[PDB]
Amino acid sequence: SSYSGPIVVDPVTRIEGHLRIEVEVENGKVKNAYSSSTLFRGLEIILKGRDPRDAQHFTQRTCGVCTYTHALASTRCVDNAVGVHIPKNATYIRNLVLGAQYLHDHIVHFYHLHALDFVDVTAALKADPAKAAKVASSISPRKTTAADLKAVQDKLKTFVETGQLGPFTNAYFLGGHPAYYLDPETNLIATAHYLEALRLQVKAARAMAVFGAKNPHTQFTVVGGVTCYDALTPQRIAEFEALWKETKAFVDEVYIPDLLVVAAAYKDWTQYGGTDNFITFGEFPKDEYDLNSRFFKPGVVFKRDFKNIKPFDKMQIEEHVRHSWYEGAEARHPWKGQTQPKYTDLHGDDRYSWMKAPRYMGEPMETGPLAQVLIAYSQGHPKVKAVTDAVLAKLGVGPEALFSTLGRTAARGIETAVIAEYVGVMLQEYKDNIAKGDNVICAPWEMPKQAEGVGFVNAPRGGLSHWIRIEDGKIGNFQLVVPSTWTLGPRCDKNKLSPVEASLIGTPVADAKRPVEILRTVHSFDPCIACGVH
């Protein structure tokens, strides 16, 4: 049973948006890959001519998974264009809502998007709940009993016995699958926590609404700061704090232990889905005009050379179109960007995606949690180093294991733990600032007739940048360069495979009809195709 031939996965489910993955398999291993993004909306086209203040409202609708992030990027971009330095409290509030977004996003990703690649929910029915409870209680300070897990099993049994499997219909694990390794008890633990996470994420998202009006699609940012005077009140701060504390407990007591128990069972996944180059923008500023004031700092690494972290030069970004469904072949810096659709169908004129192909100094760059974590580690970030080291020790592997699908999945957890703690620090700083009598949340500003601006966010999937050219006080050009564009865009005009494409080379496929190994690697990048294409 070792397959040669093509495999197509379309739709790739358990991602945001519309992705088609094509691979060539030789003797049971992937030899070639294409990342094809199959929806275009054209938000950059739509923005032309509009009021720059309106941009954040449009661009937030790039994506509702990474909700708020694009509103933040656009507002940072216009703030920068107009030269406003927002008040300290606006930085704190914006940063706190972003920290909350990370926690919501990564929890939902691990459980609700990624875990069905590794957890056989139906095998949980076979589990001994008393054994499972002992295992659950051994990995977490949270105690779980046999009765706790039997309640999950009973509910699942009723569901499965109805024959209406709903979201589990035709799952790759049904019937068993050679690439699914977990024992019944570990499947039961993970399934219980998947279900628990459906309710916990309500709280994690609510934290954003406390200051940010609503989730999805927050409504509290303006050029110059934020609008939410109520966010200054002890009652709203307490509400936020309570939701954050519960979310952090879930991260620390449920997500991270589950991530480690699954990683330990799938340790062969240290051998697949590595990448070469990494880019990150930093996040959580003290100074909106200095990336190096961020809690995570920006950086660039080539060929895994983490002893030689390069500064991030924003002028070294160009977005390619040669293998994309846009006119011509000319890569552009986003202040000179072009969004000129021209569809040629799959592989027509060697074009296969609605995503552009961003390159940094000509190179394909992974961005997202693995980039943020590895670069921060290598910059001496003490919290990142403590958590990363503890994870590596628990798993019994060396740092080289991070350059993999398992590694990337781990890094997502690492960053979640680190950011969950840091939200508490920001919250305290914010309280302290209010207590000094600083009650200002928005600063005045004036629209220039002509300007350029850029806003940088390190979002849950990596380095996000929004770029404006203001002309006659209106949007002359507005370009989004989004994390999933970097990671999941196609080849460039040098024919270099993108990070996701390159990472797929070497993937074993046990059963070409149920190619869960491709999903494991693709999902480890946490794709967002509405983000990547816009």
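Residue numbers here begin at 1 and follow the sequence given.
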With B-factors read from the PDB entry, the higher C-alpha mean of 198-206 and 378-386 is in 378-386
Quick note on 367-375 and 122-130: per-entry mean CA temperature factor is higher in 122-130
Entry record, C-alpha B-factors for 409, 433, 353, 227; the maximum is at 433
Per the deposited entry, the peak Cα B-factor within the set 46, 500, 65, 30 goes to 30
In terms of its chain's C-alpha B-factors, the third that includes residue 249 is the middle
Of the three thirds of the chain ranked by Cα temperature factor, residue 517 occupies the middle
Residue 24: CA temperature factor from the record, placed by chain third, in the highest
Among the modelled residues of its chain, the C-alpha B-factor of residue 39 falls in the third labelled lowest
Sorting the chain's modelled residues by C-alpha B-factor and splitting them into thirds places residue 469 in the middle
